[PDB]
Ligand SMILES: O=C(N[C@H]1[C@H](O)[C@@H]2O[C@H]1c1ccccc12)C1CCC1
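The chain below stands alone, shown as structure tokens; this is the form solved without the named molecule.
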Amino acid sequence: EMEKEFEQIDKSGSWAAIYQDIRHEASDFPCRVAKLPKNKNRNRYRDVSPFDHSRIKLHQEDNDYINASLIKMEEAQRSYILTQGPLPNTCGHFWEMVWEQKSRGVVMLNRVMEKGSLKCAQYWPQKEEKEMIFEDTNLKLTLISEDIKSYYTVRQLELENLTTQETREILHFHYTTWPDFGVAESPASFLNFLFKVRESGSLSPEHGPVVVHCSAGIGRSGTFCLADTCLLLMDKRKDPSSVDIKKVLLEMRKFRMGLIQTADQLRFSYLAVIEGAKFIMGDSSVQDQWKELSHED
């Protein structure tokens, strides 16, 4: 059904019209805390801020601001934290957020350098023997192992609360071939990566919300969460036709501004959900088909 809607929009060539409608319908809530003068150096982009009602607050008395939003999909019963690529001065805040929110997975959809510019701090260690200590938030981070595939890398990290000496395993899922304001190479390649995140346990309700980011934490991050929630809703009722992608996106836009930054990303979201529906509706072999088509070795 979503498939036939997809074909209607393609034949009309009205992806831009549909996407601008979403933009005009999208919620508009205040971002007063993000705009305080004292927080200016905590925001990577002047025009990408968390709403006050849904922002993640750090558990510190000094300044609890971080550019991060809690997306709570009530009906699908999944939550995500969407955040910007950490800044040189906010890597401690980032890992403090991960600790306090009890997240098990971090999904990173960007490269540290994209289009010749630095999009994100190097906020996790690249070498086992060179751990990182974030002195402002009293956290230590150690690379434990790395599994490099052709277009994504999975890292096992150990996060230590230096104050309590509690340790935690964090899984890092790094998509390395998704261009800013672009789409993944194929649905199959995107779905293969999403299902790798799912199979790690990182999205399970026994854990805190997965942390999802790219550079701004809205475009690629929005595509990832939208596809996931749509597939989860379909799974819940085994009813692909009860899932209205545009309504799920607007619901997600109540928690964070600008989710999906281009009409082509919206169109890709449809493709990913339409294709992923094959798996959700009983055809477990398409998962293997996606892994082959993705060429991850």
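The numbering used is simple: start at 1 and walk along the sequence shown.
For the pair 178 to 186 and 163 to 171, the record assigns the higher mean C-alpha temperature factor to 163 to 171. Annotation for 134 to 142 versus 82 to 90: the higher mean temperature factor (C-alpha) is found in 134 to 142.
When the C-alpha B-factors of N110, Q77, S221, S103 are read from the PDB record, the largest value belongs to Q77. Highest CA B-factor among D52, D228, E251, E61, as stated in the entry: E61. Annotation for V154: C-alpha temperature factor in the middle third relative to the rest of the modelled chain, per the entry. In the PDB entry, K236 places in the highest third of its chain by CA B-factor. Sort the chain's modelled residues by C-alpha temperature factor and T262 lands in the middle third, per the entry. Ranked by Cα temperature factor within the chain, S69 sits in the lowest third according to the deposited record. Among the modelled residues of its chain, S204 has a C-alpha B-factor that falls in the highest third according to the deposited record.
FYI, the form deposited with the named molecule bound isn't displayed, but the following is about it.
By the criterion of a heavy atom within 4.5 Å, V212 is excluded from the residues contacting the named molecule in the bound PDB entry. Heavy atoms of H53 never reach within 4.5 Å of the named molecule in the bound PDB entry, leaving it off the interface.
The named molecule is not shown here, but in the bound PDB entry it comes within 4.5 Å of a heavy atom of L139. At least one heavy atom of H59 is located within 4.5 Å of the named molecule in the bound PDB entry. In the bound PDB entry, the residues of 147 to 180 lying within 4.5 Å of the named molecule by at least one heavy atom are, in order, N161, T163.
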